[PDB]
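**Q** In order, the protein sequence lines correspond to chains B, V, Z, X and W.
The entry's author numbering numbers the first residue of the first sequence as 2 and each following residue consecutively.
The entry's author numbering numbers the first residue of the second sequence as 725 and each following residue consecutively.
The entry's author numbering numbers the first residue of the third sequence as 484 and each following residue consecutively.
The entry's author numbering numbers the first residue of the fourth sequence as 50 and each following residue consecutively.
The entry's author numbering numbers the first residue of the fifth sequence as 436 and each following residue consecutively.
C-beta: ideal position from N, C-alpha, C; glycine also.
Before I ask anything, here is the structure I am working with.
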Amino acid sequence: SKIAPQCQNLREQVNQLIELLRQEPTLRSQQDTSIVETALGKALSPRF
Amino acid sequence: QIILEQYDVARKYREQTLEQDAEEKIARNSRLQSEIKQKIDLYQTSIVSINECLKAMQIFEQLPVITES
Amino acid sequence: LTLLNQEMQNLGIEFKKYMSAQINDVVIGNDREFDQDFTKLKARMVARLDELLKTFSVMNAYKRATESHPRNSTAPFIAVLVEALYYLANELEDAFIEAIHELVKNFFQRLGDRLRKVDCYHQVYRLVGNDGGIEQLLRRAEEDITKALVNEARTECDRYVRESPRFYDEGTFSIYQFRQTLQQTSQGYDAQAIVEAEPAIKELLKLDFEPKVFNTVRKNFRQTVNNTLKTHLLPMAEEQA
Amino acid sequence: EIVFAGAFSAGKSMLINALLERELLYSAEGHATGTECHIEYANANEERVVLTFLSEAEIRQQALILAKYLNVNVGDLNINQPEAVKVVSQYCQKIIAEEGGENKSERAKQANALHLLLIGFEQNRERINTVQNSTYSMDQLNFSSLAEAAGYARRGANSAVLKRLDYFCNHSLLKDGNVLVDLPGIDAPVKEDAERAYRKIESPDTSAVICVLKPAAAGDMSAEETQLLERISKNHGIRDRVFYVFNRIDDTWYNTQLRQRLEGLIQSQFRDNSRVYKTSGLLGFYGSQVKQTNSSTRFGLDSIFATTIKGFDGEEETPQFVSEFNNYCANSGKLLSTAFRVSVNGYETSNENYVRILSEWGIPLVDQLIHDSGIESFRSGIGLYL
Amino acid sequence: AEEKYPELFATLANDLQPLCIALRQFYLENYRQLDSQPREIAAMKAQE
């Protein structure tokens with residue numbers, strides 16, 4: 002019901018953020034994506 | 725007391741090669757300094773859009789990057 | 484030019500010589516000025532302890548017990564002793580910090596003032612042109628020395644609080660005499676009848692602290708100052724060369 | 050020279066194939082004992098390989114070790130006598146019946162290697178000398194191409210006896226003279242061979258060190274691994290040229306506690322994390338291979354995976370890659386942040402879903418899969434350093 | 436629809452911050468750290 006035109010490309014943007022995090026060597030050591038791993042899609046196309 | 729006594733002459737001998745190192749080193753410094761500058765621009769654009777979309781329903785916003793100086 | 488740097492090299496070697504001579508005199512007491520200030524430091528602390536515990540009153544420690552606990556408004560009789568240690572220790576700790584600053588600061592002015600007159604530091608400005616960071620390093624180092632001693636002094640001050648076996652003594656004082664003030668003696672929930680026991684507790688604290696405080700200032704304190712000054716000043720001086 | 054050090058059966062063979070994107074090393078777990086392959090740049094027409102074999106005194110030593118853990122070390126006087134081999138072979142074929150499978154346990158594994166080593170020993174006995182390590186070649190063995198030699202070398206029979214190989218190939222990554230080394234497992238029964246690996250790695254002639262560690266799935270390092278870090282840590286000269294990698298991270302994608310254990314372990318010890326890497330060879334390898342398949346071959350179910358899709362009970366079994374592919378799409382959810390809406394349903398089997406899911410989206414989904422594997426980043430990482 | 440639904444998006448923002456916490460820090464350190472070194476040839480050569 003709250004789907005918005007901005008949300009269509011919102012998820013593709015964070016995919017870039019994950020890409021930047023992975024590129025940096027030392028950042029991969031102490032950054033776990035397990036939280037976002039079960040957050041975005043749980044929100045977009047929500048599951049209640 | 726004599727090995728260091730001739731510091732002057734060694735400078736002239738070394739003066740031949742010091743030019744290349746100075747220009748080469750800064751070029752490497754500039755290349756990496758400019759390379760990292762490119763990454764933050766990509767990061768800045770994505771986060772601004774994220775907050776813009778989420779602004780429609782919530783006020784939980786992330787940080788920008790500006791006037792790093 | 485082939486001779487200019489030779490003078491420069493001797494200046495660095497000679498500079499360390501004067502610094503090593505001045506510092507050595509302090510470790511053994513040759514510098515009479517340092518000893519006069521040092522004995523002043525010891526006298527104040529010993530006098531401070533005697534004056535501090537002499538004026539100790541049950542109506543001063545119990546004041547702090549209520550403050551420490553914002554919610555509760557009724558402290559047990561046993562809480563008097565606990566607050567006494569911290570009140571008699573934290574106050575003592577501040578004495579070192581205030582006096583230690585007065586000691587380090589005076590020493591450096593005694594050194595910098597006399598350092599410029601001697602030809603060692605005098606000849607530098609006829610050739611080099613400026614300090615070269617000598618004053619900057621000296622002021623910078625002085626800050627480091629103050630921090631190190633303050634931390635070391637506080638660490639020792641944290642050991643007095645823990646009670647030694649001497650702290651308890653059946654003959655000197657009994658913790659169970661409060662029952663005499665509790666067995667239908669202290670009617671109200673006040674701390675007025677306990678004042679009668681003030682003379683006894685004062686002697687007990689004297690017995691506990693007198694050996695510990697004398698042990699530290701007389702034996703331990705002297706070693707730390709001497710080693711601390713030398714362990715930091717010399718490497719700075721070598722870096723100056 | 051690049052050295053890949055990993056525990057036995059820890060995916061060292063699988064990772065090497067995954068790294069090169071080619072199935073040169075036979076990834077039959079437990080069969081790669083004492084196998085080293087050197088791959089260097091060469092013209093496409095100059096691909097070559099050399100073969101070496103174990104001695105008879107070693108086959109009996111290995112066979113006794115294999116039979117020792119099998120409780121079949123009785124009724125076996127010598128592997129030279131067919132009867133002493135048949136009293137154990139038919140018994141080994143009985144062990145297959147007793148165990149109900151070749152790779153169903155460590156005891157069964159020893160029968161699997163023994164079953165295939167004895168089968169390998171008898172099948173290719175004419176190509177093996179007694180003592181001297183026989184050296185042969187494609188011309189001396191009548192191999193027309195690497196694929197033909199590989200297919201012959203992929204067999205459990207021949208693959209078991211092979212010891213040393215020297216591969217030549219045309220690849221961009223290896224075009225800079227890079228050489229890949231597959232050292233034997235440190236925990237192998239043959240200590241002298243293992244000690245040689247310690248001497249080999251500790252030798253100054255090694256440029257870089259790749260440290261493959263189990264605790265991503267094993268939880269903690271073993272005694273053999275512990276001494277390696279102690280040896281490496283205590284030696285500053287070699288320490289400054291070491292890379293640390295972890296394998297089979299897909300396990301953490303489904304279990305939180307293992308991920309929590311992995312996260313704590315990684316942050317607990319490793320400080321210079323710029324050289325700390327993670328990947329999954331099992332998923333990484335097949336992921337690249339699928340790119341060479343299309344809907345005509347059912348995206349590999351009719352080729353490469355045709356051997357794995359055939360089940361014992363008749364029903365099409367789910368290949369490990371396919372089985373984890375369905376789990377990866379649903380349980381992990383890496384596609385969640387991507388531009389894909391892969392839906393996993395019980396309406397179809399794993400293979401049928403594998404056919405349906407791939408047919409729905411296609412190759413572009415695989416590109417993300419390989420990218421998430423991190424193998425490509427590993428090649429750039431080590432390549433950049435060297 | 437009214438209470439739980441928006442909270443799901445709200446959780447994402449708080450669940451996504453733990454990654455942006457470090458990226459700016461690391462970039463801001465190296466970028467600022469590199470700026471400390473000189474740039475001019477004369478000054479740079481004098482350092483040598």
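Can you tell me the Cα-Cα spacing of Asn543 (chain Z) and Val509 (chain Z), whole angstroms?
**A** Counted from its first residue, the third sequence places residue 543 (chain Z) at position 60. Counted from its first residue, the third sequence places residue 509 (chain Z) at position 26. Straight-line Cα distance between these residues: approximately 42 Å.
**Q** Determine the extent of the alpha helix (DSSP H) in which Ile783 (chain V) is found, giving its start and end residues.
**A** Translated into positions along the second sequence, residue 783 (chain V) becomes position 59. From DSSP, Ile783 (chain V) is part of no alpha helix (DSSP H); its letter is neither H nor E.
**Q** Taking beta-carbon pairs under 9 Å, can you tell me which members of the region 730 to 762 of chain V lie near chain B?
**A** none
**Q** Measure the C-alpha to C-alpha separation of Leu73 (chain X) and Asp745 (chain V) and round it to an integer number of angstroms.
**A** Stepping through the fourth sequence from its first residue, residue 73 (chain X) is reached at position 24. Stepping through the second sequence from its first residue, residue 745 (chain V) is reached at position 21. The straight-line gap from Cα to Cα measures roughly 45 Å.
**Q** For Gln31 (chain B), go through chain V and note every residue whose CB falls closer than 9 Å to its CB, in chain order.
**A** Residue 31 (chain B) sits at position 30 when you count from the first residue of the first sequence. Neighbours of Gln31 (chain B) on chain V: none; closest Cβ ~18 Å, over 9 Å.
**Q** Could you work out which residue in X:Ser426, X:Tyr434 and X:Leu433 is closest to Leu68 (chain X) when comparing CA atoms only?
**A** Stepping through the fourth sequence from its first residue, residue 68 (chain X) is reached at position 19. Per the Cα distances, X:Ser426.
**Q** Could you work out which residues of chain B lie near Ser770 (chain V), taking near to mean beta carbons separated by less than 7 Å?
**A** As a first step, residue 770 (chain V) is located in the second sequence; it is residue number 46 there, counting from the start. Per Cβ cutoff of 7 Å: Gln14, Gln17 and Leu18.
**Q** Please compile the residues from chain C whose C-beta is within a distance smaller than 7 Å of the C-beta of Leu487 (chain Z).
**A** The structure shown contains no chain C; its protein chains are B, V, Z, X and W.
**Q** Tell me which residues share the same chain as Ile496 (chain Z) and place their Cβ nearer than 8 Å to its Cβ, disregarding the 5 neighbours each side in the sequence.
**A** Against the third sequence, residue 496 (chain Z) aligns to sequence position 13. Correct list, in chain order: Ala724.
**Q** Which two residues bound the contiguous beta strand (DSSP E) that contains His87 (chain X)?
**A** To locate residue 87 (chain X), count along the fourth sequence from 1; it is residue 38. Start and end: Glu85 to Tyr90.
**Q** For chain V, check one thing: does any of its Cβ atoms lie closer than 8 Å to the Cβ of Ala44 (chain B)?
**A** Against the first sequence, residue 44 (chain B) aligns to sequence position 43. Interface with chain V (8 Å Cβ-Cβ cutoff): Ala44 (chain B) is excluded.
**Q** Can you pull the chain V neighbours of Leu463 (chain W), defined as C-beta to C-beta under 8 Å?
**A** Taking the first residue of the fifth sequence as position 1, residue 463 (chain W) is located at position 28. Going along chain V in sequence order, the residues near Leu463 (chain W) (Cβ under 8 Å) are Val789 and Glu792.
**Q** What residue ranges within the region 52 to 122 of chain X form continuous beta strand (DSSP E) runs of no fewer than 3 residues, ordered along the chain?
**A** 85 to 90
**Q** Quick one: using the 10 Å Cβ neighbour count with 16 as the cut-off for buried, is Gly226 (chain X) buried or exposed?
**A** Indexing the fourth sequence from 1 puts residue 226 (chain X) at position 177. Exposed, because fewer than 16 other Cβ atoms sit within 10 Å of the Cβ of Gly226 (chain X).
**Q** Would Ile51 (chain X) pass as a contact of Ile281 (chain X) if the rule is Cβ separation under 8 Å?
**A** Within the fourth sequence, the letter at position 2 stands for residue 51 (chain X). Within the fourth sequence, the letter at position 232 stands for residue 281 (chain X). Against a cut-off of 8 Å, the Cβ pair of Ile281 (chain X) and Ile51 (chain X) comes out as no contact.
**Q** Counting only Cβ-Cβ distances shorter than 9 Å, please list the residues of the region 437 to 453 of chain W near chain B, keeping chain order.
**A** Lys439, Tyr440, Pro441, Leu443, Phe444, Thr446, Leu447, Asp450, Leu451 and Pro453
**Q** Run through DSSP, which three-state label would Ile790 (chain V) get?
**A** The residue given as residue 790 (chain V) occupies position 66 in the second sequence. Residue state, collapsed to three classes: coil.
**Q** Could you tell me which chain B residues have their CB closer than 7 Å to the CB of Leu469 (chain W), listed as they occur along the chain?
**A** In the fifth sequence, counting from the first residue as 1, residue 469 (chain W) sits at position 34. Proximity of chain B to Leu469 (chain W) at the Cβ level (cut-off 7 Å) is not reached, the minimal Cβ distance being about 15 Å.
**Q** Between X:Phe53, X:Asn127 and X:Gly349, which has its C-alpha nearest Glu105 (chain X)'s C-alpha?
**A** Here the question's residue 105 (chain X) lines up with position 56 in the fourth sequence. Of all alpha-carbon atoms in X:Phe53, X:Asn127 and X:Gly349, the one lying nearest the alpha-carbon of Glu105 (chain X) is that of X:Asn127.
**Q** Return the first residue and the last residue of the beta strand (DSSP E) that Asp577 (chain Z) is part of.
**A** As a first step, residue 577 (chain Z) must be located in the third sequence, where it is residue number 94. Not the beta strand (DSSP E): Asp577 (chain Z) falls in the alpha helix (DSSP H), residues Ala562 to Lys600.
**Q** Please confirm whether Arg290 (chain X) and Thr301 (chain X) have their CB atoms less than 8 Å apart.
**A** Here the question's residue 290 (chain X) lines up with position 241 in the fourth sequence. Here the question's residue 301 (chain X) lines up with position 252 in the fourth sequence. No, the Cβ-Cβ distance between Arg290 (chain X) and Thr301 (chain X) is not below 8 Å.
**Q** Leaving out five residues on either side along the sequence, give the residues of the same chain with a beta carbon under 7 Å from the beta carbon of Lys525 (chain Z).
**A** In the third sequence, the residue the question calls residue 525 (chain Z) occupies position 42. Excluding residues within five positions, the ones whose Cβ falls inside 7 Å are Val700.
**Q** Do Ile419 (chain X) and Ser352 (chain X) come within 8 Å of each other at the CB atom, strictly closer than that value?
**A** In the fourth sequence, residue 352 (chain X) corresponds to position 303, counting from 1. In the fourth sequence, residue 419 (chain X) corresponds to position 370, counting from 1. The answer is no: Cβ separation not under 8 Å.
**Q** Using DSSP with H/G/I as helix, E/B as strand and the rest coil, what is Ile259 (chain X)?
**A** Along the fourth sequence, one-based indexing puts residue 259 (chain X) at 210. If DSSP states are grouped into helix, strand and coil, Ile259 (chain X) belongs with the strands.
**Q** Buried or exposed: which applies to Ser540 (chain Z), given that a residue is buried once 16 or more other Cβ atoms fall within 10 Å of its Cβ?
**A** The sequence position of residue 540 (chain Z) within the third sequence is 57, counting from 1. Exposed: under 16 other Cβ atoms inside 10 Å.
**Q** Report yes if the CB atom of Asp299 (chain X) is closer than 8 Å to the CB atom of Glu373 (chain X), and no otherwise.
**A** Sequence index remark: in the fourth sequence, residue 299 (chain X) carries index 250 (1-based). Sequence index remark: in the fourth sequence, residue 373 (chain X) carries index 324 (1-based). In contact: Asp299 (chain X) and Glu373 (chain X) (Cβ atoms closer than 8 Å).
**Q** Contact defined as beta carbons within less than 8 Å: I believe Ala572 (chain Z) pairs with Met719 (chain Z). What is the distance between those atoms, to the nearest angstrom?
**A** For the purposes of this step, residue 572 (chain Z) is taken as residue 89 along the third sequence, with counting starting at 1. For the purposes of this step, residue 719 (chain Z) is taken as residue 236 along the third sequence, with counting starting at 1. 34 Å between Cβ atoms; not a contact.
**Q** Secondary structure at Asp450 (chain W), three-state DSSP: helix, strand or coil?
**A** Taking the first residue of the fifth sequence as 1, we reach residue 450 (chain W) at position 15. Helix at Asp450 (chain W).
**Q** Residues of chain W with a CB under 7 Å from the CB of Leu766 (chain V): which are they?
**A** Along the second sequence, one-based indexing puts residue 766 (chain V) at 42. Simply none; closest approach about 11 Å.
**Q** Got a sec: is the Cβ-Cβ distance from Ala457 (chain W) to anything in chain B below 8 Å?
**A** Your numbering for residue 457 (chain W) matches position 22 in the fifth sequence. Between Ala457 (chain W) and chain B, the shortest Cβ-Cβ separation is below 8 Å.
**Q** Once the 5 residues before and after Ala91 (chain X) are set aside, which same chain residues still bring their CB inside 7 Å of it?
**A** By 1-based counting over the fourth sequence, the position of residue 91 (chain X) is 42. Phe217, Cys218 and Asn219.
**Q** Straight-line CA distance for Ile19 (chain B) to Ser551 (chain Z)?
**A** Position 18 of the first sequence holds residue 19 (chain B). Position 68 of the third sequence holds residue 551 (chain Z). Rounded to the nearest angstrom, the two C-alpha atoms are 50 Å apart.
**Q** I'd like to confirm the pairing. Which residues does DSSP put opposite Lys327 (chain X) in its beta bridges?
**A** Mapped onto the fourth sequence, residue 327 (chain X) falls at position 278. BP columns for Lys327 (chain X) point to X:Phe295.
**Q** Just the chain W side, please: which residues come within less than 9 Å of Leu728 (chain V) by C-beta, in chain order?
**A** In the second sequence, residue 728 (chain V) corresponds to position 4, counting from 1. Chain W residues near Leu728 (chain V): none, gap ~18 Å exceeds 9 Å.
**Q** Could you tell me whether the Cβ atoms of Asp215 (chain X) and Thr84 (chain X) are closer together than 8 Å?
**A** For the purposes of this step, residue 215 (chain X) is identified with residue 166 of the fourth sequence, where counting begins at 1. For the purposes of this step, residue 84 (chain X) is identified with residue 35 of the fourth sequence, where counting begins at 1. No; because the gap between Cβ atoms is not below 8 Å, this pair is not in contact.
**Q** What is the DSSP secondary structure of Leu766 (chain V), counted as helix, strand or coil?
**A** Counting from 1 along the second sequence, the entry for residue 766 (chain V) is found at position 42. Reduced to three states, the DSSP call for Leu766 (chain V) is helix.
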